[PDB]
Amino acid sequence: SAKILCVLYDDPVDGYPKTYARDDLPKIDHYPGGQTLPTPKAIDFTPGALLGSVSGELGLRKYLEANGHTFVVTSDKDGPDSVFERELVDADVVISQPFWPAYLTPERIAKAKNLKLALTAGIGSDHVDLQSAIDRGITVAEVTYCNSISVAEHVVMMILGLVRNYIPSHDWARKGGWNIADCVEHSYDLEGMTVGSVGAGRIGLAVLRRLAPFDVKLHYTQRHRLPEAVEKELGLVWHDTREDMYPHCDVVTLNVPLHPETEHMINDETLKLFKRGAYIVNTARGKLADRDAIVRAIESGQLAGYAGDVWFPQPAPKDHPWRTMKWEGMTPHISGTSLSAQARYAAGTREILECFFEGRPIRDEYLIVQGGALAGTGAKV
């Protein structure tokens, strides 16, 4: 009946794990600010398992097949001949994660005659073309706050890694060297620097709370300013615009969604506004930053470092210039798919599927598109 097409990334090359490094995941009561953790009616997995790969199946097979649904799992997602595009024509639901995203391009949504729900197992639905989903009445949902703390932790890690020159230094240790001067001729403390966040949402504000005790000057921007109390707790400095903020910052971190208003906000023009030796960490989306502008700004010294886990095209080509540029601290798109995060957004995925199929309302936090218009968290993009 209702076909669920599920696009997950490949198992590890040495095989799906028969052992994890630890015996249980920490208990998270609620998210900061009070949003409750996902509330499926049950879960068919043990928290800490690898839920996000083809063998993990997000703990959904037994649930869906119990309610008579077809459940198709694949990692083959790129191309017109891919298993995704072939099973897409009559799928009722599509689930994919931003880390290995099933791109729902305009022509693919055109092919998906039966599609009623496009479900982002994670946060951020920029791989689903909103224009078509709004036009065609498809519902688009995501698991709000599932990995925001995971990404916030990754962000602070990469800031410190860039300022202190971690990645090149570790190369010297693994390669048999010592080379103190080679490591530290590009190594600074973060202490006292000015850090600016584009976006003080769930990730952005979590980053700012975590940076406060490093004795840094915290600046931020977005469309709607935060309440003074919050600004004063952390000592935040507000800016109407991004461009007003960049010249102040030793470090800039990006923490906004990807839609047209924010695409290529970091480019050859805006990059001129940064101090010399500025650092950028982008854990939001790759297309927020003009790819080759970052490279050129690295090669010229405008930037002393770039780091992130987000790229475009998500499965970044082996030749992607960010992989080999100087002063890079990049990782694949992994921040939001830590084993701790997977436990939450796999339950959230199930909560949404239960709500969708039982005729119960999908959390307003979760909603991006519903009933042919933006809805819930999507209306606030």
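Heads up: residue numbers just count along the shown sequence, starting at 1.
When the two stretches 134 to 142 and 193 to 201 are set side by side, the higher mean Cα temperature factor goes to 134 to 142. When 105 to 113 is weighed against 146 to 154, 105 to 113 comes out higher, by mean CA B-factor as recorded in the entry. Ranked by C-alpha B-factor against the other modelled residues of its chain, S340 falls in the lowest third.
When the CA B factors of the chain's modelled residues are split into thirds, the value for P168 lands in the lowest one. For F84, the recorded CA B-factor ranks within the highest third of the chain. Only modelled residues enter the ranking. Residue-level temperature factors show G308 in the lowest third of its chain, judged at the C-alpha atom. Among the modelled residues of its chain, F45 has a C-alpha B-factor that falls in the middle third according to the deposited record.
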